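Here's the structure, in structure tokens; my notes come after.
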Amino acid sequence: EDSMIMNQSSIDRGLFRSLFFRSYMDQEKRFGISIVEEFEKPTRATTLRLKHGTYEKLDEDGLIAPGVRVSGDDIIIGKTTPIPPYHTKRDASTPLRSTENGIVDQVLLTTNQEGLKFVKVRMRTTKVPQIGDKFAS
Amino acid sequence: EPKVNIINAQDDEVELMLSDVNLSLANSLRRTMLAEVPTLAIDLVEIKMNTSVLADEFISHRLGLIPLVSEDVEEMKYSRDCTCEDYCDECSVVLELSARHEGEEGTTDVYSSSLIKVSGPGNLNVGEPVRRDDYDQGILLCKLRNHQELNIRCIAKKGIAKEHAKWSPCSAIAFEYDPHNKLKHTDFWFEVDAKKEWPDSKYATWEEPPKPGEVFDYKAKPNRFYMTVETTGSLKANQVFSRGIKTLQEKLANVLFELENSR
Amino acid sequence: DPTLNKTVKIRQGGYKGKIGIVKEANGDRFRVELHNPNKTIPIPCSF
Amino acid sequence: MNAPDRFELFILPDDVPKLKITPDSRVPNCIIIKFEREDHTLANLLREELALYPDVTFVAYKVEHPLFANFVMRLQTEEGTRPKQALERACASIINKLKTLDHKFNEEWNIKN
Amino acid sequence: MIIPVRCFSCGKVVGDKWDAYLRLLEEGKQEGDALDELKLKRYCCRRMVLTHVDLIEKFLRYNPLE
Amino acid sequence: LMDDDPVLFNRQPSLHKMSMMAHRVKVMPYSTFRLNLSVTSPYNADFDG
Amino acid sequence: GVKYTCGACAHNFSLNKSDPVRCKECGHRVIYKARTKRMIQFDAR
RNA sequence: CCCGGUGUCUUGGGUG
Ligand SMILES: [Zn+2]
Ligand SMILES: [Zn+2]
Ligand SMILES: [Zn+2]
């Protein structure tokens, strides 16, 4: 019924193996004259409603570095937003998609048209053919 | 009672006829040589720097496929069976590679001949990169252009092909028997005339053809098995045939041990 | 427990010599997020 | 994510016996042998050898599922012989034939060297 | 991307024969004959060299980021 | 979930009552659901995706 | 503090939180984080 | 010192 048997040794030598890339984008938003979000590694003492994942792969600039393996729900971009009227900020960080893993490949840092900070994190992993994957002549 | 007649021979392939054995034994020998004859192969790559255009695990994947001299591998232990902490001189070979391109023009091709053995078992002829001649650069790994550098440390380990095909000491194994189909194990497809439409085996002249009026021998069994064992150079062809037999012996021996101990 | 999230090397077993990170350390059996394959293994503390 | 470790094909867990013999009491003198962490490679070799012995009346095997490296063999012998003993005999015969076979290859090899 | 180390189907090493194949084509040999000289007899091995496409020459033209 | 537990199995679109039958669960490696080949017909299932 | 790399001239330098996002050498406004200090291992499979 | 969760409305392309 239209399935197929594949030679496991062929897969081992590299048949139909492929790279997969995903990019995450984030930027700081403006809420007032001097009220801006800020990239940082958020301290648990000063920021409320933190995510459940690990923050231990972020460097001090709030950005993860290339070469580090990441798994689902790990934070890779730390960002906070202040709470209007210490203990004043709220987490606005971006976790890796729960179903994925791989290696951080490259991190772009720049500014956008409005002058605030702007980052992109590209993650790469390798997908190896397995039971259930689709093929066609 | 088993007899062998070697038709041709050289370093990396032996063509031979095997006779006075059962079909199952010829087949089990075929499978054992492909799957269970141990070899040595890279199994851990520590990348300290890779600024080439190839992805890290892409380069690492090619490294695993490089055939290494595995002649003395029988005295070496499996990593999973060694009593030591981490990795030592008795269960691994350490290899190192470092390449770089200076100059603003041209391309530096990184070849398998730049793999330098650093540490390994004492006086054992293992962990050496396979080479045809002495002026043969070997297998292409990567290519570098100005300011691109590749500096990696590789750990090679003993393994078998059941776990991953890179530990396979043989490529193809040609195998056939009964070139004139006297046993009638196949029923030939034809449009007009079966004999003219099917090509001859390359061993058709090693066995006489069936007499037109000859009666069907329902007691005849397969009895002559011609096979050619090609290798990748990780082991010499004579070693593969010998160690295939040896490995198959211990497996049967292990079964025999367990019956006389379970009572 | 000051052993969580610190980098670890495995010295016995089938995963001997591999890098990992301590993902969860409830008791005796650790969860290492091995760098190589994309999975978190259960492993005893002696290893 | 759900791929099993490939090394599980040949490495035996500590609580799992390499070999397990049970009786089939429904007929006289019949055993079921379960082989753990083994293949067609071993199984087909033993099977044909056993079938040419005059006192083996039934021998068969099946690999129940290729995703699990095991197989189960069924062996029945006539009243005189004990099946488990007959299996030992089949083993020793093949070890001998392969020892002979290894010897004759070595001799022929030096002549072509 | 770059020549595979092994033939996918049978495992014979073909990653050391790529340079030799390009040189033979400069001397005017036809593709079938060039493969014949390299002793790649089974057609599984022949597909590997005959149909590979060398994209790495294109990717290197992009100036190194670092 | 363990051996012999009954579960309800279902393949859209449910056009008739044999689109939902109870099977016994057998835990297995890999990431696909396995069906014995003779039940493909009532589900109008095949294995092309 | 944190190593960066200029997308145009490849000069390496560091930046803390306060400084503007540009290259000191050429003023290029696209920059990239340097490779992490930790060792990376792959199983070559 | 337990507990601990974050989105709504549309457009375009697929899968069966
Ligand atoms: Zn050791
Ligand atoms: Zn081939
Ligand atoms: Zn610059």
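Just remember, in the structure tokens the first chain shown is A, the second B, etc., residues are 1-based per chain, and ligands are 1-based in the order shown.
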
With only C-alpha atoms (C1' of nucleotides) considered, list every residue of chain H at most 12 Å from chain A, as a list in words.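 Listed by rising number, the hits are residues 4, 5, 6 and 15 of chain H.
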
Which polymer residues have any atom within 6 Å of an atom of residue 66 of chain A, counting only C-alpha atoms (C1' of nucleotides), with same-chain residues fewer than 3 positions away left out, as an MDAnalysis selection string? (chainID A and resid 104:106) or (chainID G and resid 35:36)

So which residues are near ligand 1, meaning at most 6 Å away with only C-alpha atoms (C1' of nucleotides) and all ligand atoms counted, given back as number ranges by chain? B: 82, 84, 87-91

Restrict the selected residues to N, CA, C and O atoms and save them as a compact mmCIF listing (two decimals), in the first residue's frame.
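New file again.txt:
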# COMPACT_ATOMS: atom_id res chain seq x y z
N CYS B 82 35.86 -1.24 28.84
CA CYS B 82 37.11 -0.90 29.51
C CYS B 82 36.87 -0.31 30.89
O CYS B 82 36.00 0.55 31.07
N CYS B 84 38.69 1.65 32.73
CA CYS B 84 39.25 2.97 32.94
C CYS B 84 38.21 4.08 33.06
O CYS B 84 37.02 3.92 32.74
N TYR B 87 38.60 8.11 28.49
CA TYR B 87 39.30 7.43 27.39
C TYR B 87 40.81 7.40 27.59
O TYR B 87 41.42 8.41 27.94
N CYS B 88 41.41 6.23 27.35
CA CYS B 88 42.86 6.08 27.51
C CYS B 88 43.56 5.54 26.26
O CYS B 88 43.01 5.58 25.15
N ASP B 89 44.78 5.04 26.45
CA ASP B 89 45.60 4.49 25.39
C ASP B 89 45.17 3.10 24.98
O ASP B 89 45.56 2.63 23.91
N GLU B 90 44.36 2.42 25.79
CA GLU B 90 43.97 1.06 25.49
C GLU B 90 42.67 0.94 24.73
O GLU B 90 42.41 -0.11 24.15
N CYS B 91 41.85 1.99 24.68
CA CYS B 91 40.56 1.84 24.02
C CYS B 91 40.27 2.88 22.93
O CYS B 91 39.16 2.88 22.40

Could you give me, as a ChimeraX atom specification, every polymer residue with an atom at most 9 Å away from an atom of ligand 3, counting only C-alpha atoms (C1' of nucleotides) and all ligand atoms? /G:5-12,22-29,31

Show me, as a tab-separated table, the residues of chain B having an atom within 12 Å of ligand 2, each with the closest atom pair and its distance in Å, using only C-alpha atoms and all ligand atoms.
residue	atom	partner	partner_atom_place_in_ligand_line	distance
B:171	CA	ligand 2	1 (Zn)	8.5
B:172	CA	ligand 2	1 (Zn)	8.2
B:173	CA	ligand 2	1 (Zn)	11.7
B:230	CA	ligand 2	1 (Zn)	12.0

Writer output for current selection, C-alpha atoms, as a PDB file, in the first residue's frame:
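What follows is the written file out11.pdb:
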ATOM      1  CA  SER B 171      31.940  -2.894   0.162  1.00  0.00           C
ATOM      2  CA  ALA B 172      30.183  -5.277  -2.188  1.00  0.00           C
ATOM      3  CA  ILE B 173      30.322  -9.044  -1.894  1.00  0.00           C
ATOM      4  CA  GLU B 230      36.240  -6.576  -1.935  1.00  0.00           C
TER       5      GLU B 230
END

Choose the residue, out of A:46, A:93, A:101, A:112, that has the smallest atom-to-atom separation from chain D; count only C-alpha atoms.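 Of A:46, A:93, A:101, A:112, the one nearest chain D is A:101, counting only C-alpha atoms.
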
Rank A:57, A:22, A:90, A:13 by their smallest atom-to-atom distance to chain B, using only C-alpha atoms, and report the top residue only.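 Comparing A:57, A:22, A:90, A:13 against chain B, the winner is A:13.
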
DSSP helix (DSSP H, G or I) selection over chain E, as a VMD selection string: chain E and resid 18 to 26 31 to 37 43 to 50 56 to 60

Tell me, which residues of segment 21-138 of chain B carry DSSP strand (DSSP E or B), written as a PyMOL selection string? chain B and resi 39-50+68-70+93-100+108-111+116-119+126-129

Here is a test: counting only C-alpha atoms, which residue of D:50, D:90, D:98, D:67 is nearest to chain F?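 Closest residue, counting only C-alpha atoms: D:67.
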